[PDB]
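Just so it is clear, none of the values below were taken in a lab; they were calculated from the coordinates. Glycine gets a Cβ as well: all are built from the backbone with ideal geometry, and neighbour counts include every protein chain shown.
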Amino acid sequence: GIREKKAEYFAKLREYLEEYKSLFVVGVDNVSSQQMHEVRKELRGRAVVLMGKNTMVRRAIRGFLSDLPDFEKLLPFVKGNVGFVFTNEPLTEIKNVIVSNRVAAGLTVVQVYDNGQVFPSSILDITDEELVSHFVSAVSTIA
Amino acid sequence: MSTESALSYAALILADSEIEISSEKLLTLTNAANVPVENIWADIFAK
Amino acid sequence: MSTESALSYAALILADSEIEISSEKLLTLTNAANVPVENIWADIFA
Amino acid sequence: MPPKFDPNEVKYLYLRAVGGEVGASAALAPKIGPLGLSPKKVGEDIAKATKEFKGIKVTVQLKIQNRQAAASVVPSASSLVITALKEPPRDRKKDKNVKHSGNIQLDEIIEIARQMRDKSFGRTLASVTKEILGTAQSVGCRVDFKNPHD
RNA sequence: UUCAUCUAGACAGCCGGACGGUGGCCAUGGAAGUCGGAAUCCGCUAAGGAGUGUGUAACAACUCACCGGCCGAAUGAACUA
Ligand SMILES: [Mg+2]
Ligand SMILES: [Mg+2]
Ligand SMILES: [Mg+2]
Ligand SMILES: [Mg+2]
Ligand SMILES: [Mg+2]
Ligand SMILES: [Mg+2]
């Protein structure tokens, strides 16, 4: 009955942890029912976002710590009011669909997953400025 | 810098700069970055 | 140069900047080096 | 050139747009008169949105879904009395329930005519759906448009 | 004592969301969830009733059912002597 539906959630959750190779941890503090319903329409193509209770995810994560292991250290991020955005797109393009659009006075990206990695979405906000002047400012340390 | 030390030792060694490239280096110099500080180099300095 | 980022890079990660932590580096990456090139990098260092 | 947005549904012949039109210096019977050029197809409830540029009679009556739905019934009469209280519950519109959701300008917010037209069929709380039918869970068993629609 | 809920996070407390078809249909001065007749459909959903109440002339505004954040382990009913 209620074991019924919860287990159905473990199902469609486990399925996204496998299929999609990437993941965002977004925070929807406040954020209307109308805001969310329109980040769907914006990301309908590639990404798909899934929501739920904290205590349902800390378990389901560990519920399969067997296979798919590096979702393990996703747990010290699945606290507060969090949400999941699974995708198979590049970095930058997705985050700005989220971080920006349908914001009023929007939701926030707090951590990103890509094959056992934990991006702060702050080392993702790169502009080839400290990355081009490191393939060159060290070339003056070579010339 | 942390994500600009071995990445610069990659921006002055080997040849190109693939994801499977620096990962056989930082995980070989007995001192890697953070694995995510590495995959970033396969994004912010492309081509 | 090639041994300029393997004998000057292993000198910041605690490694014998010589041929055990610079020439074997080429070996641990499938690259044909020489027993007198890193030595030519060891000499040019002085 | 000025700008605004006011909307008032229903549509009989063409009648006062209250105080919202008033403190704007449109007119009473004139804003209602330029709302006849709109209310013409159909003749039973609409959804008009009048635009306001200084004094502009822009009665662009945007498409009401329950209206493109109700209008897909038959015809008969127009006003006054109907020997009781009027009725309209028969229309087939089998492949017109989705040709209506197809007219749902983006909107829908779902999986094309699969979910847009399974809800427009639901919006029919007045007609009789595909030929001889009803609604409810006879929508979950639909096979048309969709792949052709999307 | 028994039965039911509960670490797959209950109960209670404070706190967030409380959506789209859509002012759904008859009906009328006007009735858009809320004087009122009959249905209670879908979408999207973690969740949102074609609507619990407050309220407007009719919208607004608030509230709630429903979901969540926080916490951390008990809670509900029927009994026995
Ligand atoms: Mg309201
Ligand atoms: Mg009322
Ligand atoms: Mg639902
Ligand atoms: Mg217990
Ligand atoms: Mg008693
Ligand atoms: Mg007893």
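Of all residues in segment C:1-25, how many are of a type in the set (A, V, I, L, M), touching a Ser or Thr at 6+ places or on another chain (Cβ under 8 Å) and more than 10 Å from chain B (Cβ to nearest Cβ)?
Final tally of qualifying residues: 2.
Kindly indicate whether A:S140 is surrounded by 15 or more Cβ atoms within 10 Å (Cβ to Cβ) and either touching a helix residue (DSSP H, G or I) at 6+ places or on another chain (Cβ under 8 Å) or polar (S, T, N, Q) (or both).
Taking the combined requirement at face value, the residue does not satisfy it.
Give just the number: which of (1) away from every other protein chain (no Cβ under 14 Å); (2) more than 9 Å from RNA strand E (Cβ to nearest atom); (3) within 30 Å of A:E38 (Cβ to Cβ); (4) not acidic (D, E) does D:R117 not satisfy?
Only one criterion is unmet by D:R117, namely (2).
Is it the case that D:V74 is over 30 Å from D:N147 (Cβ atoms), more than 14 Å from every other protein chain (Cβ to nearest Cβ) and away from RNA strand E (no atom under 13 Å from the Cβ)?
It is false that D:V74 is over 30 Å from D:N147 (Cβ atoms), more than 14 Å from every other protein chain (Cβ to nearest Cβ) and away from RNA strand E (no atom under 13 Å from the Cβ).
Can you go through A:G106, A:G83, A:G27, A:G52 and tell me which one is within 11 Å of RNA strand E (Cβ to nearest atom) and more than 17 Å from A:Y16 (Cα to Cα)?
Unique residue meeting the criteria: A:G27.
Could you tell me whether A:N30 is away from chain B (no Cβ under 14 Å), surrounded by 12 or more Cβ atoms within 10 Å (Cβ to Cβ), among the polar types (S, T, N, Q) and over 19 Å from B:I40 (Cα atoms)?
The answer is no for A:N30.
Under 7 Å by Cβ, and 6 or more places apart or on different chains, what pairs join a residue from segment C:24-46 that is among the hydrophobic types (A, V, I, L, M, F, W, C) with one that is outside any loop (DSSP other than H, G, I, E, B)?
So the pair list comes out as C:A33/C:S23; C:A33/C:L26.
If we keep just the residues of segment B:26-41 that are away from chain C (no Cβ under 13 Å) and among the polar types (S, T, N, Q), which is nearest to A:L91 (Cα to Cα)?
B:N39
Under 9 Å between Cβ atoms, at least 6 apart or on separate chains: pull out the pairs that start in segment D:5-19 with a residue that is more than 13 Å from D:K31 (Cβ to Cβ) and end on any residue that is acidic (D, E) and surrounded by 12 or more Cβ atoms within 10 Å (Cβ to Cβ).
D:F5/D:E52; D:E9/D:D45; D:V10/D:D45; D:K11/D:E44; D:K11/D:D45; D:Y12/D:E44; D:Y12/D:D45
Could you list, in sequence order, all residues of segment D:8-41 that are farther than 28 Å from D:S76 by Cα and either of a type in the set (D, E, K, R) or in a strand (DSSP E or B) (or both)?
Matches in segment D:8-41: D:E21, D:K31.
Could you list, in sequence order, the residues of segment A:88-116 that are in a loop (DSSP other than H, G, I, E, B) and more than 9 Å from chain B (Cβ to nearest Cβ)?
Correct list: A:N88, A:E89, A:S100, A:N101, A:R102, A:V103, A:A104, A:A105, A:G106, A:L107.
Suppose we filter segment A:117-138 for residues that are under 24 Å from the mean Cα position of the chain (by Cα) and more than 7 Å from chain B (Cβ to nearest Cβ); how many remain?
6
Tell me, which residue of segment A:17-27 that is within 12 Å of the chain's Cα centre (by Cα) and not basic (K, R) is surrounded by the fewest Cβ atoms within 10 Å (Cβ to Cβ)?
Within segment A:17-27, the match that is surrounded by the fewest Cβ atoms within 10 Å (Cβ to Cβ) is A:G27.
Being within 14 Å of chain A (Cβ to nearest Cβ), at negative phi and within 11 Å of RNA strand E (Cβ to nearest atom) is true for just one of D:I110, D:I46, D:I64, D:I82. Which residue is that?
Just a single option satisfies the conditions, and that option is D:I110.
Among the residues of segment D:44-60, write down those that are over 9 Å from the mean Cα position of the chain (by Cα) and within 20 Å of D:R16 (Cβ to Cβ).
If the condition is that a residue be over 9 Å from the mean Cα position of the chain (by Cα) and within 20 Å of D:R16 (Cβ to Cβ), then D:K48, D:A49, D:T50, D:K51, D:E52, D:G55, D:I56, D:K57, D:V58, D:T59, D:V60 are the ones that fit.
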